[PDB]
>>> print(open('start12.cif').read())   # mmCIF, N, CA and C atoms and all ligand atoms
data_work
#
loop_
_atom_site.label_atom_id
_atom_site.label_comp_id
_atom_site.auth_asym_id
_atom_site.auth_seq_id
_atom_site.Cartn_x
_atom_site.Cartn_y
_atom_site.Cartn_z
N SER A 7 187.34 123.79 -8.81
CA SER A 7 187.05 125.22 -8.72
C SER A 7 185.59 125.46 -8.31
N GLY A 8 185.32 126.66 -7.82
CA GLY A 8 183.99 127.06 -7.40
C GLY A 8 184.02 128.15 -6.36
N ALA A 9 182.96 128.94 -6.31
CA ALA A 9 182.84 130.00 -5.32
C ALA A 9 181.37 130.23 -4.96
N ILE A 10 181.15 130.87 -3.80
CA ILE A 10 179.84 131.29 -3.32
C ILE A 10 179.79 132.82 -3.49
N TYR A 11 178.67 133.34 -4.04
CA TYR A 11 178.46 134.78 -4.23
C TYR A 11 177.25 135.23 -3.41
N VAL A 12 177.49 135.84 -2.27
CA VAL A 12 176.46 136.30 -1.35
C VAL A 12 176.64 137.79 -1.11
N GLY A 13 175.64 138.59 -1.48
CA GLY A 13 175.74 140.04 -1.33
C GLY A 13 176.93 140.61 -2.08
N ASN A 14 177.76 141.40 -1.39
CA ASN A 14 178.97 141.92 -2.01
C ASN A 14 180.19 141.10 -1.63
N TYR A 15 180.03 139.77 -1.53
CA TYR A 15 181.15 138.91 -1.16
C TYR A 15 181.33 137.74 -2.12
N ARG A 16 182.58 137.28 -2.24
CA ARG A 16 182.97 136.10 -3.00
C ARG A 16 183.75 135.19 -2.06
N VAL A 17 183.24 133.97 -1.83
CA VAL A 17 183.89 132.99 -0.93
C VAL A 17 184.56 131.91 -1.76
N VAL A 18 185.86 131.73 -1.62
CA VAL A 18 186.59 130.71 -2.39
C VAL A 18 187.48 129.88 -1.45
N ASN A 19 188.01 128.72 -1.92
CA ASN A 19 189.04 128.01 -1.16
C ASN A 19 190.28 128.94 -1.10
N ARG A 20 190.84 129.12 0.10
CA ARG A 20 192.01 130.05 0.21
C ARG A 20 193.12 129.72 -0.78
N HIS A 21 193.37 128.40 -0.99
CA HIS A 21 194.43 127.95 -1.90
C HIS A 21 194.15 128.23 -3.40
N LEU A 22 192.90 128.58 -3.79
CA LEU A 22 192.57 128.90 -5.19
C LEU A 22 192.26 130.41 -5.42
N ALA A 23 192.44 131.27 -4.40
CA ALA A 23 192.11 132.70 -4.55
C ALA A 23 193.00 133.39 -5.60
N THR A 24 192.47 134.39 -6.34
CA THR A 24 193.17 135.18 -7.38
C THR A 24 193.81 136.48 -6.82
N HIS A 25 194.66 137.16 -7.64
CA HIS A 25 195.25 138.43 -7.30
C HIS A 25 194.17 139.46 -6.94
N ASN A 26 193.09 139.56 -7.72
CA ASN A 26 191.96 140.45 -7.40
C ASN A 26 191.36 140.08 -6.02
N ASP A 27 191.18 138.78 -5.71
CA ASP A 27 190.69 138.38 -4.39
C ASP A 27 191.62 138.89 -3.26
N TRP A 28 192.95 138.68 -3.34
CA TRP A 28 193.87 139.15 -2.29
C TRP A 28 193.92 140.69 -2.23
N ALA A 29 193.84 141.36 -3.41
CA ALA A 29 193.82 142.82 -3.47
C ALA A 29 192.51 143.34 -2.86
N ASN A 30 191.40 142.59 -3.02
CA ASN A 30 190.10 142.97 -2.46
C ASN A 30 189.74 142.08 -1.25
N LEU A 31 190.74 141.66 -0.48
CA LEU A 31 190.55 140.78 0.66
C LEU A 31 189.65 141.39 1.73
N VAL A 32 188.68 140.61 2.17
CA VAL A 32 187.86 140.98 3.31
C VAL A 32 188.32 140.19 4.54
N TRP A 33 188.48 138.86 4.40
CA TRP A 33 188.84 138.00 5.49
C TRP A 33 189.40 136.66 4.94
N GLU A 34 190.41 136.10 5.60
CA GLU A 34 190.93 134.79 5.20
C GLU A 34 191.41 134.02 6.45
N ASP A 35 191.39 132.69 6.38
CA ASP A 35 191.85 131.87 7.48
C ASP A 35 192.47 130.60 6.93
N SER A 36 193.82 130.49 6.97
CA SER A 36 194.56 129.36 6.45
C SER A 36 194.10 128.04 7.11
N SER A 37 193.84 128.11 8.42
CA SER A 37 193.44 126.92 9.17
C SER A 37 192.04 126.42 8.69
N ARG A 38 191.23 127.27 8.00
CA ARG A 38 189.93 126.84 7.47
C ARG A 38 189.96 126.61 5.97
N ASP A 39 191.06 126.95 5.28
CA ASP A 39 191.14 126.90 3.82
C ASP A 39 190.03 127.79 3.22
N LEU A 40 189.77 128.97 3.87
CA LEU A 40 188.79 129.90 3.31
C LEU A 40 189.39 131.28 3.02
N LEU A 41 188.83 131.96 2.00
CA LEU A 41 189.14 133.34 1.69
C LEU A 41 187.89 134.05 1.18
N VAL A 42 187.62 135.27 1.65
CA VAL A 42 186.47 136.05 1.21
C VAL A 42 186.98 137.37 0.65
N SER A 43 186.54 137.71 -0.54
CA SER A 43 186.93 138.98 -1.16
C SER A 43 185.66 139.81 -1.50
N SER A 44 185.82 141.13 -1.75
CA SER A 44 184.68 141.98 -2.12
C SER A 44 184.42 141.97 -3.63
N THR A 45 183.15 142.17 -3.99
CA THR A 45 182.68 142.17 -5.37
C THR A 45 181.96 143.46 -5.71
N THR A 46 181.92 143.80 -6.99
CA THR A 46 181.20 145.00 -7.43
C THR A 46 179.70 144.71 -7.62
N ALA A 47 179.38 143.53 -8.13
CA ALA A 47 177.99 143.12 -8.37
C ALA A 47 177.42 142.33 -7.20
N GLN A 48 176.10 142.41 -6.99
CA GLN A 48 175.45 141.63 -5.93
C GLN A 48 175.28 140.18 -6.37
N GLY A 49 175.72 139.25 -5.53
CA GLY A 49 175.54 137.82 -5.81
C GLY A 49 174.15 137.34 -5.44
N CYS A 50 173.79 136.12 -5.86
CA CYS A 50 172.42 135.60 -5.62
C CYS A 50 172.33 134.36 -4.72
N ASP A 51 173.44 133.94 -4.07
CA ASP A 51 173.40 132.75 -3.21
C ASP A 51 172.93 133.14 -1.78
N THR A 52 172.30 132.22 -1.08
CA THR A 52 171.85 132.39 0.31
C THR A 52 172.68 131.43 1.16
N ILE A 53 173.23 131.89 2.27
CA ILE A 53 173.98 131.01 3.18
C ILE A 53 172.95 130.42 4.14
N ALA A 54 173.03 129.11 4.36
CA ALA A 54 172.20 128.44 5.34
C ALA A 54 172.59 128.86 6.75
N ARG A 55 171.60 129.00 7.68
CA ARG A 55 171.88 129.33 9.09
C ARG A 55 171.08 128.25 9.81
N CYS A 56 171.76 127.15 10.13
CA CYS A 56 171.13 125.92 10.60
C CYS A 56 172.19 124.91 11.16
N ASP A 57 171.72 123.72 11.60
CA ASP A 57 172.59 122.64 12.05
C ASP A 57 172.37 121.37 11.22
N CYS A 58 171.89 121.51 9.94
CA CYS A 58 171.65 120.36 9.05
C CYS A 58 172.87 119.47 8.96
N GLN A 59 172.63 118.18 8.90
CA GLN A 59 173.67 117.19 8.66
C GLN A 59 173.36 116.37 7.40
N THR A 60 172.37 116.81 6.56
CA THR A 60 172.08 116.18 5.27
C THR A 60 171.96 117.28 4.21
N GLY A 61 172.40 116.95 3.01
CA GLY A 61 172.41 117.92 1.92
C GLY A 61 172.84 117.26 0.62
N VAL A 62 173.20 118.09 -0.35
CA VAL A 62 173.63 117.62 -1.66
C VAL A 62 174.88 118.42 -2.04
N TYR A 63 175.91 117.73 -2.63
CA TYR A 63 177.09 118.48 -3.08
C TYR A 63 177.40 118.19 -4.51
N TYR A 64 178.06 119.14 -5.19
CA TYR A 64 178.47 118.96 -6.59
C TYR A 64 179.89 118.40 -6.64
N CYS A 65 180.08 117.29 -7.38
CA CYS A 65 181.36 116.63 -7.58
C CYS A 65 181.76 116.78 -9.08
N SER A 66 182.63 117.76 -9.39
CA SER A 66 183.03 117.98 -10.79
C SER A 66 183.70 116.77 -11.43
N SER A 67 184.46 115.96 -10.65
CA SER A 67 185.15 114.75 -11.19
C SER A 67 184.18 113.60 -11.59
N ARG A 68 182.90 113.76 -11.27
CA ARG A 68 181.88 112.82 -11.70
C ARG A 68 180.74 113.57 -12.46
N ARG A 69 180.82 114.95 -12.61
CA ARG A 69 179.74 115.77 -13.23
C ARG A 69 178.39 115.40 -12.60
N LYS A 70 178.39 115.25 -11.25
CA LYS A 70 177.22 114.72 -10.56
C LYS A 70 176.99 115.40 -9.23
N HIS A 71 175.73 115.52 -8.82
CA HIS A 71 175.36 116.08 -7.51
C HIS A 71 174.93 114.89 -6.65
N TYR A 72 175.54 114.71 -5.48
CA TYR A 72 175.26 113.54 -4.65
C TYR A 72 174.63 113.93 -3.32
N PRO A 73 173.58 113.22 -2.91
CA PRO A 73 173.01 113.47 -1.57
C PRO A 73 173.97 112.88 -0.54
N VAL A 74 174.20 113.58 0.59
CA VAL A 74 175.14 113.05 1.59
C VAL A 74 174.66 113.36 3.00
N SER A 75 175.13 112.53 3.97
CA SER A 75 175.05 112.86 5.38
C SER A 75 176.46 113.36 5.73
N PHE A 76 176.56 114.39 6.56
CA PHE A 76 177.89 114.94 6.88
C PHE A 76 178.03 115.23 8.35
N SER A 77 179.27 115.25 8.85
CA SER A 77 179.51 115.46 10.26
C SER A 77 179.37 116.97 10.69
N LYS A 78 179.45 117.28 12.01
CA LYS A 78 179.41 118.67 12.47
C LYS A 78 180.77 119.31 12.26
N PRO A 79 180.82 120.63 12.05
CA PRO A 79 182.14 121.29 11.81
C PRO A 79 183.13 121.02 12.95
N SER A 80 184.33 120.51 12.63
CA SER A 80 185.30 120.08 13.63
C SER A 80 186.76 120.30 13.21
N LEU A 81 187.69 120.14 14.17
CA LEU A 81 189.12 120.25 13.95
C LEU A 81 189.55 118.85 13.51
N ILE A 82 189.97 118.71 12.23
CA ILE A 82 190.32 117.40 11.64
C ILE A 82 191.73 117.42 11.05
N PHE A 83 192.54 116.34 11.23
CA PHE A 83 193.88 116.32 10.65
C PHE A 83 193.81 116.08 9.13
N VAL A 84 194.51 116.94 8.36
CA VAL A 84 194.58 116.87 6.89
C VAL A 84 196.02 116.64 6.39
N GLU A 85 196.23 115.57 5.60
CA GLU A 85 197.54 115.22 5.04
C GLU A 85 198.13 116.33 4.14
N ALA A 86 199.46 116.32 3.93
CA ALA A 86 200.10 117.32 3.07
C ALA A 86 199.59 117.20 1.62
N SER A 87 199.59 118.33 0.90
CA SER A 87 199.16 118.42 -0.50
C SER A 87 200.05 119.43 -1.29
N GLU A 88 199.69 119.78 -2.54
CA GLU A 88 200.45 120.78 -3.32
C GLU A 88 200.33 122.19 -2.71
N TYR A 89 199.31 122.44 -1.85
CA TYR A 89 199.11 123.78 -1.31
C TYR A 89 199.34 124.00 0.20
N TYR A 90 199.36 122.95 1.02
CA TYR A 90 199.61 123.08 2.47
C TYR A 90 200.44 121.90 2.94
N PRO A 91 201.31 122.08 3.97
CA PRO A 91 201.92 120.89 4.60
C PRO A 91 200.83 120.19 5.46
N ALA A 92 201.14 119.01 6.05
CA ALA A 92 200.19 118.31 6.92
C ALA A 92 199.85 119.18 8.14
N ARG A 93 198.56 119.35 8.44
CA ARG A 93 198.14 120.21 9.55
C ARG A 93 196.70 119.87 10.02
N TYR A 94 196.22 120.54 11.09
CA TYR A 94 194.83 120.39 11.48
C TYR A 94 194.04 121.50 10.74
N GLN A 95 192.89 121.12 10.18
CA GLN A 95 192.00 122.09 9.53
C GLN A 95 190.74 122.20 10.40
N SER A 96 190.35 123.44 10.73
CA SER A 96 189.21 123.74 11.58
C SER A 96 187.88 123.90 10.77
N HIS A 97 186.74 123.78 11.47
CA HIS A 97 185.43 124.02 10.85
C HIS A 97 185.21 123.11 9.62
N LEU A 98 185.72 121.85 9.71
CA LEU A 98 185.63 120.91 8.59
C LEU A 98 184.57 119.83 8.86
N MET A 99 183.77 119.48 7.83
CA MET A 99 182.73 118.45 7.96
C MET A 99 183.03 117.32 6.98
N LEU A 100 182.94 116.05 7.39
CA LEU A 100 183.22 114.95 6.47
C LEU A 100 181.94 114.21 6.06
N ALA A 101 181.98 113.65 4.91
CA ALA A 101 180.91 112.79 4.40
C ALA A 101 181.56 111.63 3.64
N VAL A 102 180.85 110.51 3.50
CA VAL A 102 181.28 109.41 2.66
C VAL A 102 180.86 109.79 1.24
N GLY A 103 181.85 110.00 0.39
CA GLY A 103 181.61 110.41 -1.00
C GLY A 103 182.91 110.58 -1.76
N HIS A 104 182.79 110.70 -3.08
CA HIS A 104 183.96 110.87 -3.92
C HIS A 104 184.42 112.31 -4.01
N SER A 105 185.73 112.52 -4.02
CA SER A 105 186.31 113.83 -4.25
C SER A 105 187.77 113.69 -4.69
N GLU A 106 188.21 114.60 -5.55
CA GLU A 106 189.58 114.72 -6.06
C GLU A 106 189.99 116.18 -5.90
N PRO A 107 191.30 116.48 -5.85
CA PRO A 107 191.72 117.88 -5.59
C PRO A 107 190.99 118.99 -6.39
N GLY A 108 190.76 118.79 -7.68
CA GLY A 108 190.08 119.79 -8.51
C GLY A 108 188.60 119.98 -8.22
N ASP A 109 188.05 119.12 -7.36
CA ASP A 109 186.66 119.22 -6.92
C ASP A 109 186.50 120.31 -5.86
N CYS A 110 187.62 120.90 -5.32
CA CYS A 110 187.52 121.98 -4.34
C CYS A 110 186.71 123.12 -4.90
N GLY A 111 185.82 123.68 -4.10
CA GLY A 111 184.97 124.77 -4.51
C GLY A 111 183.55 124.31 -4.83
N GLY A 112 183.34 122.99 -5.02
CA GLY A 112 182.00 122.47 -5.27
C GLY A 112 181.10 122.77 -4.06
N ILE A 113 179.85 123.26 -4.29
CA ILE A 113 179.00 123.64 -3.18
C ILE A 113 178.29 122.47 -2.53
N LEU A 114 178.11 122.52 -1.20
CA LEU A 114 177.26 121.63 -0.41
C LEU A 114 176.10 122.53 0.04
N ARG A 115 174.89 122.07 -0.32
CA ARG A 115 173.71 122.79 0.09
C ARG A 115 172.69 121.93 0.82
N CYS A 116 171.91 122.59 1.70
CA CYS A 116 170.79 121.90 2.38
C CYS A 116 169.51 122.67 1.97
N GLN A 117 168.35 122.32 2.58
CA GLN A 117 167.11 123.03 2.28
C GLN A 117 167.16 124.53 2.59
N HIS A 118 168.10 124.97 3.47
CA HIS A 118 168.24 126.35 3.91
C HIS A 118 169.19 127.21 3.09
N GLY A 119 169.98 126.59 2.21
CA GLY A 119 170.93 127.36 1.42
C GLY A 119 172.30 126.69 1.35
N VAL A 120 173.34 127.51 1.11
CA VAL A 120 174.70 127.03 1.01
C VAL A 120 175.24 126.74 2.39
N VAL A 121 175.80 125.54 2.56
CA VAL A 121 176.41 125.14 3.83
C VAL A 121 177.95 125.31 3.83
N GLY A 122 178.59 125.02 2.69
CA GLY A 122 180.05 125.11 2.60
C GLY A 122 180.53 124.68 1.23
N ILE A 123 181.85 124.53 1.10
CA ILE A 123 182.46 124.12 -0.18
C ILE A 123 183.43 122.99 0.02
N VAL A 124 183.57 122.09 -0.99
CA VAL A 124 184.54 121.00 -0.91
C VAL A 124 185.95 121.57 -0.65
N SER A 125 186.64 120.98 0.28
CA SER A 125 187.97 121.46 0.66
C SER A 125 188.96 120.32 0.82
N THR A 126 188.47 119.10 1.23
CA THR A 126 189.40 117.96 1.42
C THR A 126 188.85 116.68 0.79
N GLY A 127 189.68 115.62 0.77
CA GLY A 127 189.20 114.34 0.28
C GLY A 127 190.25 113.24 0.38
N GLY A 128 189.82 112.04 0.07
CA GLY A 128 190.73 110.90 0.09
C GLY A 128 190.05 109.70 0.70
N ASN A 129 190.36 108.49 0.15
CA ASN A 129 189.84 107.24 0.68
C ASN A 129 188.33 107.13 0.79
N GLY A 130 187.58 107.66 -0.18
CA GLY A 130 186.13 107.57 -0.15
C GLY A 130 185.44 108.56 0.77
N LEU A 131 186.20 109.52 1.30
CA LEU A 131 185.64 110.58 2.12
C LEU A 131 185.71 111.91 1.35
N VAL A 132 184.83 112.83 1.66
CA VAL A 132 184.90 114.21 1.12
C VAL A 132 184.71 115.18 2.28
N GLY A 133 185.51 116.25 2.32
CA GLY A 133 185.41 117.19 3.43
C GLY A 133 185.00 118.55 2.94
N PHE A 134 184.15 119.23 3.70
CA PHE A 134 183.62 120.56 3.29
C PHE A 134 184.02 121.59 4.34
N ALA A 135 184.49 122.75 3.86
CA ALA A 135 184.75 123.87 4.75
C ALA A 135 183.37 124.56 5.06
N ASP A 136 182.97 124.58 6.35
CA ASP A 136 181.68 125.20 6.72
C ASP A 136 181.73 126.72 6.53
N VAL A 137 180.57 127.33 6.14
CA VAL A 137 180.48 128.80 6.09
C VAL A 137 179.25 129.33 6.91
N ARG A 138 178.49 128.42 7.55
CA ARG A 138 177.28 128.79 8.28
C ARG A 138 177.52 129.67 9.49
N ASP A 139 178.73 129.62 10.07
CA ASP A 139 179.04 130.42 11.26
C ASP A 139 179.48 131.86 10.91
N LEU A 140 179.77 132.16 9.60
CA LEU A 140 180.23 133.47 9.10
C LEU A 140 178.98 134.36 8.93
N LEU A 141 178.40 134.75 10.09
CA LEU A 141 177.11 135.46 10.10
C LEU A 141 177.17 136.80 9.40
N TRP A 142 178.37 137.43 9.45
CA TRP A 142 178.58 138.71 8.80
C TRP A 142 178.40 138.64 7.29
N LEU A 143 178.44 137.44 6.67
CA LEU A 143 178.24 137.34 5.23
C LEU A 143 176.82 137.80 4.85
N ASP A 144 175.84 137.78 5.80
CA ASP A 144 174.44 138.18 5.62
C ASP A 144 174.23 139.68 5.71
N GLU A 145 175.27 140.47 6.09
CA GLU A 145 175.10 141.92 6.21
C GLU A 145 176.29 142.74 5.71
N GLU A 146 176.02 144.01 5.30
CA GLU A 146 177.01 144.99 4.82
C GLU A 146 178.05 144.40 3.82
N1 LIG B 1 192.05 121.88 2.38
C1 LIG B 1 193.21 121.32 2.03
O1 LIG B 1 194.15 121.18 2.82
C2 LIG B 1 193.31 120.84 0.59
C3 LIG B 1 194.34 121.66 -0.20
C4 LIG B 1 194.26 121.32 -1.69
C5 LIG B 1 194.31 119.84 -1.98
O2 LIG B 1 194.70 119.44 -3.07
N2 LIG B 1 193.98 119.00 -0.96
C6 LIG B 1 194.00 117.56 -1.19
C7 LIG B 1 192.71 116.94 -1.68
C8 LIG B 1 192.69 115.59 -1.99
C9 LIG B 1 191.54 114.98 -2.45
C10 LIG B 1 190.38 115.72 -2.63
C11 LIG B 1 190.40 117.06 -2.33
CL1 LIG B 1 188.98 118.02 -2.65
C12 LIG B 1 191.54 117.68 -1.84
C13 LIG B 1 193.68 119.36 0.44
ZN ZN B 2 170.04 123.54 6.74
#
>>> encode(input="start12.cif", output="structure tokens")
Amino acid sequence: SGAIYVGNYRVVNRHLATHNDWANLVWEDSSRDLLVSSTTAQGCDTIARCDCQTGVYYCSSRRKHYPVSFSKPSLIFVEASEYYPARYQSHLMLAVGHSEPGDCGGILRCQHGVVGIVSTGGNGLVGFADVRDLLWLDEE
């Protein structure tokens, strides 16, 4: 679990969104495993606007934050799970690191702010859904 709170927005993994999130839906994309809903209170996170390929992510299954190098956001094939059949997931970045399904939502950050959230994993790899291209998250 985990979410990003920027301005009047809440960013979560699409597969973990709540009834309030869908009722207050701003934008969602199944192919990215992302969902954004509106909030009443102002959040305090900053989204990074950069091309960083190094950062730190939180891994709940190890209660640990790990420094990682990660790939550029890309269209990557993702195996079937409890929430999606096998498909291509867009805007996905991989790193060598530990992750388990419940680790989804853990933040990846660089010196500039939040880069994305854990979305995939398996075989010593961890994948993050990028949020740096969602420029509208910085306004209104
Ligand atoms: N983005 C996806 O398709 C997810 C959907 C939910 C989900 O359980 N997975 C599988 C998964 C396996 C290992 C680590 C992680 Cl973080 C996730 C894939
Ligand atoms: Zn950065």
>>> residues_near_ligand(input="start12.cif", ligand="ligand LIG 1 (chain B)", cutoff="6 Å", atoms="only N, CA and C atoms and all ligand atoms", output="number ranges by chain")
A: 39, 84, 87-90, 105-110, 124-128
>>> atom_distance(input="start12.cif", atom1="CA of residue 133 in chain A", atom2="CA of residue 63 in chain A")
10.6 Å
>>> residues_near_ligand(input="start12.cif", ligand="ligand ZN 2 (chain B)", cutoff="6.5 Å", atoms="all atoms listed in the file", output="number ranges by chain")
A: 54-59, 116-119
>>> residues_around(input="start12.cif", residues="range 66-81 of chain A", least_positions_apart="4", cutoff="6.5 Å", atoms="only N, CA and C atoms", output="list in words")
residues 59, 60, 61, 62, 94, 95, 96, 97, 98, 99, 100, 101, 102, 106, 108, 109, 112 and 136 of chain A
>>> select_by_dssp(input="start12.cif", residues="range 16-137 of chain A", states="helix (DSSP H, G or I)", output="PyMOL selection string")
chain A and resi 20-22+25-29+36-38+66-68+107-109
>>> closest_residue(input="start12.cif", among="A:45, A:129, A:52, A:7", to="residue 19 in chain A", atoms="only N, CA and C atoms")
A:7
>>> atom_distance(input="start12.cif", atom1="atom C of residue 51 in chain A", atom2="atom N of residue 34 in chain A")
19.2 Å
>>> select_by_dssp(input="start12.cif", residues="range 10-104 of chain A", states="strand (DSSP E or B)", output="number ranges by chain")
A: 10-19, 31-35, 40-50, 53, 60-65, 70-75, 80-84, 93-102
>>> write_last_selection(input="start12.cif", atoms="N, CA and C atoms", output="compact mmCIF listing (two decimals), in the coordinates of the input")
# COMPACT_ATOMS: atom_id res chain seq x y z
N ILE A 10 181.15 130.87 -3.80
CA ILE A 10 179.84 131.29 -3.32
C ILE A 10 179.79 132.82 -3.49
N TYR A 11 178.67 133.34 -4.04
CA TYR A 11 178.46 134.78 -4.23
C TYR A 11 177.25 135.23 -3.41
N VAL A 12 177.49 135.84 -2.27
CA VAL A 12 176.46 136.30 -1.35
C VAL A 12 176.64 137.79 -1.11
N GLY A 13 175.64 138.59 -1.48
CA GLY A 13 175.74 140.04 -1.33
C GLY A 13 176.93 140.61 -2.08
N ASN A 14 177.76 141.40 -1.39
CA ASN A 14 178.97 141.92 -2.01
C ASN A 14 180.19 141.10 -1.63
N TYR A 15 180.03 139.77 -1.53
CA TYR A 15 181.15 138.91 -1.16
C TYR A 15 181.33 137.74 -2.12
N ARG A 16 182.58 137.28 -2.24
CA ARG A 16 182.97 136.10 -3.00
C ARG A 16 183.75 135.19 -2.06
N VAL A 17 183.24 133.97 -1.83
CA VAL A 17 183.89 132.99 -0.93
C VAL A 17 184.56 131.91 -1.76
N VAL A 18 185.86 131.73 -1.62
CA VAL A 18 186.59 130.71 -2.39
C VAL A 18 187.48 129.88 -1.45
N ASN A 19 188.01 128.72 -1.92
CA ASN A 19 189.04 128.01 -1.16
C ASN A 19 190.28 128.94 -1.10
N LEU A 31 190.74 141.66 -0.48
CA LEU A 31 190.55 140.78 0.66
C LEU A 31 189.65 141.39 1.73
N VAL A 32 188.68 140.61 2.17
CA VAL A 32 187.86 140.98 3.31
C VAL A 32 188.32 140.19 4.54
N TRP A 33 188.48 138.86 4.40
CA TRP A 33 188.84 138.00 5.49
C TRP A 33 189.40 136.66 4.94
N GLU A 34 190.41 136.10 5.60
CA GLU A 34 190.93 134.79 5.20
C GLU A 34 191.41 134.02 6.45
N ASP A 35 191.39 132.69 6.38
CA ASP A 35 191.85 131.87 7.48
C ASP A 35 192.47 130.60 6.93
N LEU A 40 189.77 128.97 3.87
CA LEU A 40 188.79 129.90 3.31
C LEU A 40 189.39 131.28 3.02
N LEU A 41 188.83 131.96 2.00
CA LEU A 41 189.14 133.34 1.69
C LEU A 41 187.89 134.05 1.18
N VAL A 42 187.62 135.27 1.65
CA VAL A 42 186.47 136.05 1.21
C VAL A 42 186.98 137.37 0.65
N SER A 43 186.54 137.71 -0.54
CA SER A 43 186.93 138.98 -1.16
C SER A 43 185.66 139.81 -1.50
N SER A 44 185.82 141.13 -1.75
CA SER A 44 184.68 141.98 -2.12
C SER A 44 184.42 141.97 -3.63
N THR A 45 183.15 142.17 -3.99
CA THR A 45 182.68 142.17 -5.37
C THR A 45 181.96 143.46 -5.71
N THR A 46 181.92 143.80 -6.99
CA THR A 46 181.20 145.00 -7.43
C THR A 46 179.70 144.71 -7.62
N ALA A 47 179.38 143.53 -8.13
CA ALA A 47 177.99 143.12 -8.37
C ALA A 47 177.42 142.33 -7.20
N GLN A 48 176.10 142.41 -6.99
CA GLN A 48 175.45 141.63 -5.93
C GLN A 48 175.28 140.18 -6.37
N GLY A 49 175.72 139.25 -5.53
CA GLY A 49 175.54 137.82 -5.81
C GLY A 49 174.15 137.34 -5.44
N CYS A 50 173.79 136.12 -5.86
CA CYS A 50 172.42 135.60 -5.62
C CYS A 50 172.33 134.36 -4.72
N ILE A 53 173.23 131.89 2.27
CA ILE A 53 173.98 131.01 3.18
C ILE A 53 172.95 130.42 4.14
N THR A 60 172.37 116.81 6.56
CA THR A 60 172.08 116.18 5.27
C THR A 60 171.96 117.28 4.21
N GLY A 61 172.40 116.95 3.01
CA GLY A 61 172.41 117.92 1.92
C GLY A 61 172.84 117.26 0.62
N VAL A 62 173.20 118.09 -0.35
CA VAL A 62 173.63 117.62 -1.66
C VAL A 62 174.88 118.42 -2.04
N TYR A 63 175.91 117.73 -2.63
CA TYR A 63 177.09 118.48 -3.08
C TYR A 63 177.40 118.19 -4.51
N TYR A 64 178.06 119.14 -5.19
CA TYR A 64 178.47 118.96 -6.59
C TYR A 64 179.89 118.40 -6.64
N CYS A 65 180.08 117.29 -7.38
CA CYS A 65 181.36 116.63 -7.58
C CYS A 65 181.76 116.78 -9.08
N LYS A 70 178.39 115.25 -11.25
CA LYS A 70 177.22 114.72 -10.56
C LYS A 70 176.99 115.40 -9.23
N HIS A 71 175.73 115.52 -8.82
CA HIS A 71 175.36 116.08 -7.51
C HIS A 71 174.93 114.89 -6.65
N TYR A 72 175.54 114.71 -5.48
CA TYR A 72 175.26 113.54 -4.65
C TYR A 72 174.63 113.93 -3.32
N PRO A 73 173.58 113.22 -2.91
CA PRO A 73 173.01 113.47 -1.57
C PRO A 73 173.97 112.88 -0.54
N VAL A 74 174.20 113.58 0.59
CA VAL A 74 175.14 113.05 1.59
C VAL A 74 174.66 113.36 3.00
N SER A 75 175.13 112.53 3.97
CA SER A 75 175.05 112.86 5.38
C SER A 75 176.46 113.36 5.73
N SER A 80 184.33 120.51 12.63
CA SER A 80 185.30 120.08 13.63
C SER A 80 186.76 120.30 13.21
N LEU A 81 187.69 120.14 14.17
CA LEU A 81 189.12 120.25 13.95
C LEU A 81 189.55 118.85 13.51
N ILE A 82 189.97 118.71 12.23
CA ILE A 82 190.32 117.40 11.64
C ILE A 82 191.73 117.42 11.05
N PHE A 83 192.54 116.34 11.23
CA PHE A 83 193.88 116.32 10.65
C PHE A 83 193.81 116.08 9.13
N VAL A 84 194.51 116.94 8.36
CA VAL A 84 194.58 116.87 6.89
C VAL A 84 196.02 116.64 6.39
N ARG A 93 198.56 119.35 8.44
CA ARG A 93 198.14 120.21 9.55
C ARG A 93 196.70 119.87 10.02
N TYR A 94 196.22 120.54 11.09
CA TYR A 94 194.83 120.39 11.48
C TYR A 94 194.04 121.50 10.74
N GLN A 95 192.89 121.12 10.18
CA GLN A 95 192.00 122.09 9.53
C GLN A 95 190.74 122.20 10.40
N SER A 96 190.35 123.44 10.73
CA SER A 96 189.21 123.74 11.58
C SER A 96 187.88 123.90 10.77
N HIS A 97 186.74 123.78 11.47
CA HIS A 97 185.43 124.02 10.85
C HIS A 97 185.21 123.11 9.62
N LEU A 98 185.72 121.85 9.71
CA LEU A 98 185.63 120.91 8.59
C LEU A 98 184.57 119.83 8.86
N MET A 99 183.77 119.48 7.83
CA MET A 99 182.73 118.45 7.96
C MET A 99 183.03 117.32 6.98
N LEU A 100 182.94 116.05 7.39
CA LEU A 100 183.22 114.95 6.47
C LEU A 100 181.94 114.21 6.06
N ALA A 101 181.98 113.65 4.91
CA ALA A 101 180.91 112.79 4.40
C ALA A 101 181.56 111.63 3.64
N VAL A 102 180.85 110.51 3.50
CA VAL A 102 181.28 109.41 2.66
C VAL A 102 180.86 109.79 1.24
>>> atom_distance(input="start12.cif", atom1="atom N of residue 20 in chain A", atom2="CA of residue 65 in chain A")
17.5 Å
>>> closest_residue(input="start12.cif", among="A:113, A:12, A:132, A:141", to="residue 64 in chain A", atoms="only N, CA and C atoms")
A:113
>>> closest_residue(input="start12.cif", among="A:135, A:114, A:47, A:82", to="residue 18 in chain A", atoms="only C-alpha atoms")
A:135
>>> closest_residue(input="start12.cif", among="A:41, A:26, A:134, A:46", to="residue 14 in chain A", atoms="only N, CA and C atoms")
A:46
>>> closest_residue(input="start12.cif", among="A:10, A:86, A:42, A:120", to="residue 142 in chain A", atoms="only C-alpha atoms")
A:42
>>> closest_residue(input="start12.cif", among="A:123, A:131, A:53, A:140", to="residue 8 in chain A", atoms="only N, CA and C atoms")
A:123
>>> axis_aligned_box(input="start12.cif", around="range 36-43 of chain A", padding_each_side="3 Å", output="AutoDock Vina command-line options")
--center_x 190.1 --center_y 133.1 --center_z 3.8 --size_x 14.9 --size_y 19.4 --size_z 16.7
